[PDB]
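Report on the following structure.
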Amino acid sequence: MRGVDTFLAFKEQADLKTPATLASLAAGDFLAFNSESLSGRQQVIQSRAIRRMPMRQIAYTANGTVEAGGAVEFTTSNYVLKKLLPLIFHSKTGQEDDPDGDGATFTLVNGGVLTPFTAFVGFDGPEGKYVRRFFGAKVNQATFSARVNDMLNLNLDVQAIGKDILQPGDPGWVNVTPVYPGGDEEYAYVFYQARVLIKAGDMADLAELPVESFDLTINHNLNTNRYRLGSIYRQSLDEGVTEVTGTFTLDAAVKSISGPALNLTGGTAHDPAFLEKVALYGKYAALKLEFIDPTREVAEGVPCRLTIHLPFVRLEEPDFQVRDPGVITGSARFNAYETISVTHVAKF
Amino acid sequence: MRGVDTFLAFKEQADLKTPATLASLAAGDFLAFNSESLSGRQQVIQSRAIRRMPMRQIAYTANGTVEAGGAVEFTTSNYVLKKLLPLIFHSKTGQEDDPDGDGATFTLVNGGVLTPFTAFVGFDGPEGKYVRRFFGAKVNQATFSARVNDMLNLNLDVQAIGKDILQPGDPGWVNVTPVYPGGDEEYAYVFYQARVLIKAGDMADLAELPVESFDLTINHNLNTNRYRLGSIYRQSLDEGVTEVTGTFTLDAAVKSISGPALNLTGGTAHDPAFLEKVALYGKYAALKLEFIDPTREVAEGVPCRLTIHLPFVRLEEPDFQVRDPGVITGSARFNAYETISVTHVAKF
Amino acid sequence: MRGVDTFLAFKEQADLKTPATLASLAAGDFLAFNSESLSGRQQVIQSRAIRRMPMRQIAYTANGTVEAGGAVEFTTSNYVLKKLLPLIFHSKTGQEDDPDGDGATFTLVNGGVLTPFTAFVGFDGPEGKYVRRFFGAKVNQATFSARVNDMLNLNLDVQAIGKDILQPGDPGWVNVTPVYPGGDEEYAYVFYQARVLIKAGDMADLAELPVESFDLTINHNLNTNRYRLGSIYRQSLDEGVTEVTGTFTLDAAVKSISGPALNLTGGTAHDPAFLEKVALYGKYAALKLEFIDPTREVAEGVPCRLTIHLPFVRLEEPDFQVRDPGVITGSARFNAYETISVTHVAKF
Amino acid sequence: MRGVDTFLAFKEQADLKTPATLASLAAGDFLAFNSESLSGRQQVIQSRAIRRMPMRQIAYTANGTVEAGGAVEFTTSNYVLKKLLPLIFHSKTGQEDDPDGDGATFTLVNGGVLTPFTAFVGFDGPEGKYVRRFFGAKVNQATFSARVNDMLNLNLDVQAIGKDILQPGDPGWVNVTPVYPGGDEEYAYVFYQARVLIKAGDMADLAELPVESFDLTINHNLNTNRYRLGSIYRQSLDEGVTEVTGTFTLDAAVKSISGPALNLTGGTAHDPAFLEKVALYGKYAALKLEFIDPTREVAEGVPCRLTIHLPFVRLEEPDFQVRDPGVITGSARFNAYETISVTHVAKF
Amino acid sequence: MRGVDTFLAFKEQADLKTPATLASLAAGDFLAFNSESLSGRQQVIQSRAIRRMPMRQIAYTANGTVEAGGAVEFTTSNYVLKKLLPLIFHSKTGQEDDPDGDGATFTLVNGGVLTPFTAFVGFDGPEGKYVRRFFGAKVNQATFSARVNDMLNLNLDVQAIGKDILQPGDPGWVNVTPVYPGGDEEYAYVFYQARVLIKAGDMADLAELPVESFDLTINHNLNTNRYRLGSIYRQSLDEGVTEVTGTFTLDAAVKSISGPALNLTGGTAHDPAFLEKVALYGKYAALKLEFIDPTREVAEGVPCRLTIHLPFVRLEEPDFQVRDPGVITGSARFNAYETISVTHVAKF
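First to last, the protein sequences are chains A, B, C, D and E. When we follow the working numbering, the leftmost residue of the first sequence carries the number 1, and every step to the right adds one. When we follow the working numbering, the leftmost residue of the second sequence carries the number 1001, and every step to the right adds one. When we follow the working numbering, the leftmost residue of the third sequence carries the number 2001, and every step to the right adds one. When we follow the working numbering, the leftmost residue of the fourth sequence carries the number 3001, and every step to the right adds one. When we follow the working numbering, the leftmost residue of the fifth sequence carries the number 4001, and every step to the right adds one.
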C-alpha cells in the first residue's frame, strides 16, 4: 500500500452514535490530506486474583474500554476549508460564495456544540480494499500554521468513539470511488498572501506586523473519559471551554509595514518596546490573520479571503532574547479571550 | 585504557551472597561484548538536624544503601548464547549439540528462579590491572534485536547486589588471562538468516512475514528495593512476573512470503487488514522468530538454529499511518502471554 | 576481452523476481550499445564485539545486502527505441509501423508501473565465454541528448535486484549467438534532423528555436532501499514520482527560425526578453523536441519521426551571462509538469 | 546579442526598497566590466497533500521567495574605483582629486552600513532593447586581485532584493544611451605598479616583499535570509561582521627588495624563516598593498595612488612545500583584524 | 631556497613528547625524498562576547590547539626502506642483510604500537639556515605504488604533535651536514622487477597476474583529537585498527602469466570470470606483491627482494566496464583482513 492508494473522507452524522454509511459518500466528502494518524486503542484488563504463573494468562485477561482518534494534517485549500470550518466552530452564517462578497462567518456561540462526523480512511491497492471507519468523531484541536515558503496548513486533532474495519463482503460495504475537485477548481493559500495585523492601546487602526511565521490553535477541550458500565465505548465527547492560543515570530522593536505606528497612545512615533509593554502591562490587543488571493475573484471586485478576527488578545513576554550579535528575533505567544471569528470568502 | 584492554566474564555462583572467585574463571566464562555499562551507586544520607552552615558538612553526612547493575550488549553468537540463555530463563532441557538435533530448550517455569552470577569487568593495560567485580547479579531484562545489515544483538539489563574492586595484592586476586573460542569455532547470526512467522484465526500453518526489523524483550521485573536495617546491600533480587513484549516493523497489507495466506479464516485469499483486525478483535496470534544457519551443521542434516516460540501473542494497533505518498510502513508491538520457549541448536 | 567481444541483451520478465532465461533471447533482444557500466555491490558487515586485533578478522565479518545496476549508453536508433521506450514509460498505444502513420505513443499513466527486465552482458572472446545476468532490472533514469555533429544518445540508469554469472556448464547456460538488425534495416537520428519548438503566453503556434544542444531526463525515483530480514536482495523497486527535467543551449534574445514570433502576447514583434520573462513570471511553456527523417518513409507520405511532447514546462532563469564581448549564449533549464508524451513513427 | 551590445550601470538609491529610475542614469553611472553574472531565482513550492499523479502538477504548485545577485568583474580603473569604493566601505573622507594629494580614504566604521544600489544590465542589439534591473543591491564581497602580466581586477559578489525586466513601452522605460569616460581620461593599474610591504616584530619600517600575485577579499557577510509572511522578497540585507582575508604568492626565505631586512628583532641580518615564524608565533604583521602610477600626476608632485592599509594581520603557515628540486614557492594566506583603510588618489 | 638546498631526516625518539636533538642526526637518518608537505596549523579562538566592531579584534582573539603533519613521498630504495619499514609496522624480526637470506620481516602484532619519531626538514641556502622540527611524529598512512615506466614509490601521511623552528643561535642548534649513501651503495626497485601473485578457491599455488599498476595502503587510523585543558598540543597519537586496502589495474578475463591457471577449483582450464566470481561469492584470496632485483645479491645466491604477503584478501567488483570496442581494462580494489607481512632482503 502507498499513501496515494488511500483516500480520506469526513461525513457529518446526525447523532454521535450512528456512523455514516460508506454508500453516502459523495463529492465534497473526500479530502486531500498531508498525513493521517487516526487509530483506535483497546484497553486490556488483567485479573487481580493472585496466581502462580511465570507470564500473563489468557484465561485471566479481559479487554476494556476503547479510544479512537489521532491527527490529520491538511493544506488549507478551498474545499478543505469549506468542509472543515463547519466542523471546528459552532455556528456558521452566510455562504462563502455569497455574491455580495462577505463570505461565511464561523464563530463559537454560548452553548454551542460541535458536529460529530465519521472519518473514512480507505485503502485500495494491489493488496486489496478496506476502509477504516472512525465513528463519532469530533475535532478536538485545530491549528492553523503559516511559514515562509510554505502553504497554510491545518492540523486537526480528532477524538472518536470507536474504530471498525469494512471490507468487501461486509454488510455495510460499498466500493467507493473518491471524487475530488478539479485542479482548476481548487485553490490554496500561500505564505505571501498572509497579513498579521495588530492593534492595542489607543492605536486608531490595525497596523501590519512583519512576522516570519504564525500558529493559531483552537482547543475545544473535549471530555474523552465518559465511560459507563455495560459499554467499552465512550458515551459522549462533551466539549469544555474553547481555549484559543497562538504564537507568531518577529523581531525585537519591529515597525509596522502598513497602518498606523505601533504606539499604545495612538501617536505617530514608533514604540520600540510595543509588544514588551503590551505583555508587561497586561493590555488586550486585537489581532487579525488574513489571507487574500487577489488573483481569484469571488464577486465583481471581491477576492478570495480567509480572515481570522481575534479581538481581545493577551500576549506573553515576547521572548526577545539577546542570543548573538545579529538581529534579535523571538516568538510572541498569545491567548485569545472573548470571541474568535473566521470569515471565508470563496468560490467553488 | 582501551576497550580492547578489558575483558568481561560472567560466572554462576551457588548462593546470591557468595561472589565467584577470580581464580575460578576458565574457558567459557569470558565473553566478547559490544559495550558494558555496569556500575555501582552509593547513597548519601544527610542529617536533618538543623544547623547554620553555608554548605554540606562532612561530620553530618552518612552514606546509605548501594545499588549495582547496568547494561551489557552482545552480538548474539554461538558461545554468547550458550553462556547467557541459561541466565535469562528458568529451565533448560537438552544440550545444544545433542546429536539428534533438537538442541536445548529454555523456558520459564511456574515457580522458577533466575541464576545469580558474578560479572567481572577486568582491565589490563599500560596503566595497570584491576577488576570490577559485581556480585549477586541477575538478568533483569534481555532484548533480542534484528536489523537489516546487522547481526542479532542481545542487550542485558543486569541488577546486582554490589560492586568491589580487585587489584594486585588483594586477598582474592589472580592474574587472569582471558581465553576465547577460536575464530573458526564461534559463529553468529546475521539478519539474512532470520524468519518471522505468524499465525492467527483459522490459519492452518505459520506464514512468513516480510519484516524489516524486530525486537523481543524479556523483563523479569526484579524487586530491587529489598533493604533492611544493618546492611547497605540489597537482601535479594526477587523476580516478579516475566513480561515478554516485542515489536516488528513491516508494511500495511503485507502478504506472506511463504506458508499460507494471511487470512483469519484459513482461506487462500489475502486479507489486507490482517494485522489491523488481529489487533482490533483482540485475537491471539502465534509468532516464531527463527534464525537458521544452513552453512553450519550440528547433526547429519540439522543446521544451527535459534528459534523463539511465542504462542499466544496480542498485537497493538499495527501503527500503519499514511505519512507520505510512499509505501505505508509501521511497527506492530505485541505482548506474549502464556509461555515463551527458546530452542538453540548449536555445535561447539 | 574486447568491447566487440561482448553483447548486451535486455529481456522483459513476467515477475520482478524471476530472471529471464538465457535460452529465451532472440532477435530484438540484443542491442548495440556505446558503453555499459552495470555492476553489483555486496555489503560487508563487521561485528561490533570489541576484540584486540591489529586488522579485520575473517571470523567476525559477515556480508549483507546487495545492490545492482549501472548506466548504459545507446545511440538512439530504430530498434533501440523500439526496445527501450516500452521500458521507460508506463503505457504504449499504437504500433510504430502503423500504416496510417501516427506511430506508437508512450506516456506515463496515473498508477502506472515500470516493466522489469533482465540485462545480459555476455562475453565471448579468446579467453572464454560468460554472461553477467542482472535480474529484476528497471529503468531508473533515461536521458535523451542531442549535440551538433553527433547522433541522438539515450543514457539509461538502471537499478536491479541482483547480479549473477553464467558460464558453460551452469544449469541455466545456453551458448547464445547475438542476432542484430541488418545495416540496411537500422536507422538512427542525427543532429540535423532535430527541431526544438516552444510556445508560451498567447503565442498562436509552436515557434522553432535555434538551440545548440538539448538534454531531457526522465527520472522515475525508484526506491532502492526496501530490504527485509531473511534476504540480502532488494524486495522491490517501487517507483516514486516521475521527475522530467531538461536543458537546452541557445543564444540570448534569439528569434524563432519558423513559426510565430517569440512574443508572450501573440504579436508579430520579437521579444528579446522572451525566455527571461517566461522564467521571471513563472509562465508555463509547451516544448516539443522532434526528430524527422524525411529520407525514410513509414507510410505513403509519412516519414520516420520521434516527437517528445512536453506541454506545461517551467524554465529557470535562462543563464544568459555577459562573459565576453562575443555572442551571449546560455543554457535554459526546465522542469516538465502535467504530462510527457513520446510518439515514435518507425518502420522495421 | 553580443557583450558589446550590453551596458552596466550602478546607481545609488535612497532606500533599500526604492529602485533607481532608468531616467536618472547619467555620466559616472555606466561602468565597463569584464563579465557580469547577476541573476534572479524564484523558489517553487510544492503542495504536500498526497495525490496520485505520475508527474508534478500545475494546480498544486506555488512559487515562493526570490533571490537576486551574482558576480561582476571589473578592471580596477580610475572611474571604476571612484564608483565602487564608496559601495564597498562604510565611510569616505576626502576627495580623490583633492589638490593637496591625500585622496579619499575609505574605511569601515563601528556601526556603519552599506549603500544600497540598483544594477542595470541593459541590452541594445539587433534583436531589440531591454534592461535587467536588480534593485536593492549591496556589495556582499569584493576581491582585489593582482597577477603578473595583468591589470588589477576587482570582483564584486552582489546580493539584491529582486530582479525585473524593463522594455520599450513599460511605465518606467527610458531609452538610455551609455556615456563613458574618454580613453584619454580613464586610467588603470598594471601589475608593475604594485608594491606589497610587510612589517612585523621590531622591524622599524615597512619592507617590500617580492610577491608574484596577491588577492584581498572583503566579505561583509550579509544576511540574505530575512523573509516574512506576505512577501516573496528579502526584507533586508543586514550586514554582519566584515571579514578581510587575503593571500599572496612568494618564494621561501625571500629577502626584502627595499626597506629594512625581514627580521622580527629589527636587526640588519635576514631571517630565512621570517614568515614561517610570524605564522608559528601568532604575531601580528602590518601589510600595505600599494599601486602608484608616476606617469599620472594628481597634484604638483603627487602621483595617482591606490593604497590598502592592513595594520594587524595574521598569517597562516606560509605553505612552503618542497615539491621539486627548484625554487620553493608558496602562498601565504592572511586575515586582517582591527581595521582596513583604502586611500585612492586620483584625478578625473 | 631550492629543493636541493633542503634535507629531510627522521630520527626515532624514546618518548612521544621528547623530540630528538639536532645533534644526534647521523648516517642513516637523512633520506632523499620526492616531496614533503609537513606543516603545522594553530587554531584561533574568537571570544563570543557580543561587541560592536566592524572587524575582528586582537584583544578578543586567542589561539588554541595545534596540529602538525603532512605527506612525504619517497622513491622506495634500499636505505629508505631500511629506515621507514620499522616506522610503518609494529614488529620486526631478522636483519635485511642476514647472510642466510630471509631478510627482515615486518608485521602488525596484536597490541603493537608505532614508533614515534622527529622529522627534520632543514634548509641551508644562500638565504641562510634553519630547520623545521616536527616532534612526536607517527606514520598515519603508508602507500606503496607501482606504475609502468616508474619506480616503486612510498607515500607517508604523518601526524605529529607540534612544529618548531630551529635557527643559528637557538639553544638546540647544530650545523648539521647531511650524509647520504653512496650512489654505488643505494638501490631502488623498478616496475619491471614487480610481480603480483594471486590465489583463491582451490588453486594449488600462487598464479602471476599481468597487472598494469598497483597500490597498497596501510592506514593506522591514529586518533588525532586527544586534547586536554592546559595544553595546546595533542596528548597522544593513539593508533586504532590498521586498515590495509589496495588496488591493482588489469584487463578483464586475464590469464595468469605463470603458476597455475586462474580457476577457483584448481583445474587447468582458465576461468574468464575469475576475479568477478571471487568478488561476487565473497571469497578470500591471497595476494603477494614481490619485487626482486637479480642483479643485486644479498647472499651466495639470494637476490634483493621486497615481498608483501597479504593472505586473506577480499576484492570488490573488479570494475570491468565495456567503455569502448577496445580491450576491457579495470581496477580491482581489495581489503586485506587477517595479517600483512613485509619481507625485505637487502644488503647495505
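The beta-carbon is built from N, C-alpha and C at its ideal position, and this holds for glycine as well.
- DSSP places C:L2280 inside the alpha helix (DSSP H), whose first and last residues are 2274–2280.
- For E:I4058, none of the residues of chain A pass the 7 Å Cβ criterion, the least Cβ distance being about 18 Å.
- Take C:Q2042, set aside five residues on each side of it, and the residues of its chain with a beta-carbon closer than 6 Å to its own are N2063, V2066, in chain order.
- Taking 7 Å as the Cβ-Cβ cut-off, the region 3048–3076 of chain D approaches chain B at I3050, given in chain order.
- With 16 or more other CB atoms across the displayed protein chains lying within 10 angstroms of its CB, A:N78 is buried.
- E:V4080: member of the alpha helix (DSSP H) spanning 4078–4088, first to last residue.
- Residue contact with chain E for A:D164: absent (no Cβ-Cβ distance below 8 Å to any residue of chain E).
- Per DSSP, B:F1117 is one residue of the beta strand (DSSP E) stretching across 1117–1125.
- DSSP places C:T2021 outside any beta strand (DSSP E), giving it a letter other than H or E.
- In this structure, DSSP gives B:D1005 a helical state, which the three-state scheme calls helix.
- Less than 8 Å divides the Cβ of A:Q159 from the Cβ of A:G69.
- Contact annotation for B:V1148 against chain C: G2064, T2065, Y2227, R2228, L2229 [CB-CB distance below 8 Å, chain order].
- A Cβ-Cβ contact shorter than 8 Å links B:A1200 with B:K1283.
- Secondary structure at A:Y130: strand, using DSSP grouped into helix, strand and coil.
- About 27 Å separates the Cβ atoms of B:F1248 and B:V1302, ruling out a contact at the 8 Å cut-off.
- Beta-bridge partners of B:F1214 (DSSP): B:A1146, B:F1248.
- Cβ atoms of B:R1195 and C:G2230 come within 8 Å of each other, at about 5 Å.
- When C-alpha distances from E:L4197 are compared across E:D4097, E:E4208, E:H4270, the shortest belongs to E:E4208.
- In this structure, the beta-carbon distance from C:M2151 to C:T2076 falls below 8 Å.
- Linking B:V1004 to B:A1286 through their CA atoms gives a straight-line distance of about 42 Å.
- The region 4332–4348 of chain E and the region 4079–4094 of chain E touch, with three or more beta-carbon pairs separated by less than 8 Å.
- C:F2191 sits in a helix when the DSSP states are folded into three classes.
- Under the Cβ distance rule, D:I3161 does not count among the residues neighbouring chain A, no pair being separated by less than 8 Å.
- At a cut-off of 8 Å between beta-carbon atoms, A:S39 makes contact with chain B.
- Counting every other CB atom within 10 Å of its CB across the protein chains shown gives B:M1053 a total below 16, marking it as exposed.
- E:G4040 and D:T3245 have their alpha carbons spaced roughly 20 Å apart.
- D:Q3057 sits close to A:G183, with the two beta carbons spaced by under 8 Å.
- A straight-line Cα-Cα distance of about 32 Å links A:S213 and D:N3110.
- Among the residues of chain C, those whose CB is under 8 Å from the CB of D:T3006 are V2322, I2328, following chain order.
- Taking the Cα positions, C:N2175 is about 8 Å away from C:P2168.
- Secondary structure at B:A1062: strand, using DSSP grouped into helix, strand and coil.
- For E:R4226, the secondary structure class from DSSP, reduced to helix, strand or coil, is coil.
- Within 10 angstroms of the beta-carbon of E:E4185 lie fewer than 16 other beta-carbons, which makes it exposed.
- For D:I3308, the enclosing beta strand (DSSP E) begins and ends at 3303–3315.
- For C:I2328, the secondary structure class from DSSP, reduced to helix, strand or coil, is coil.
- In the DSSP assignment, B:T1105 falls within the beta strand (DSSP E) that extends over 1104–1107.
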